[PDB]
């Protein structure tokens, strides 16, 4: 199975991203944590289902976060393109937290997700490129907007492919 987990600082748009995918429409309001979302195996050529899991610090303990990290086989670290603090925390908090707990005999791909592209005129790539170069665990990066749905489809396609295309050609 593909088991996707979204982590990242509060209010970067994790839940909104998941619920925008669900309804193909931006929800004006969201709960702290979305329900688990299922993509049936019919979608991928590998005939494998996808599960999408949300994390909310307001609702969940660090013990629960660690277990979610253990269950996931691809982790989207979400930041907001208009929030430097959320980007800083990718390297000061999220990557070390995940890496400390990953199986060193294996690989857990990470995807850097820059949400709220609808708010800004310029790219976050210049800022996140040095993070990419440092951590080969990061499989790819994407900028998107839950508000207008742009690149949301790509986001979860990339996450699936990080698991289903995990080696070379």
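Numbering follows the first chain given and starts at 1.
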> Which has higher Cα B-factors on average according to the PDB entry: 53-61 or 36-44?
Replying inline: 36-44
> When the C-alpha temperature factors are averaged for each of 111-119 and 136-144, which stretch ends up with the higher value in the entry?
Replying inline: 136-144
>> Quick check on the deposited entry: does the C-alpha B-factor of residue 163 sit in the lowest, middle or highest third of its chain?
In response: highest
>> For the chain shown, is the CA B-factor of residue 30 in the lowest, middle or highest third of its modelled residues?
In response: middle
> How does residue 68 rank on Cα B-factor within its chain, lowest, middle or highest third?
Replying inline: lowest
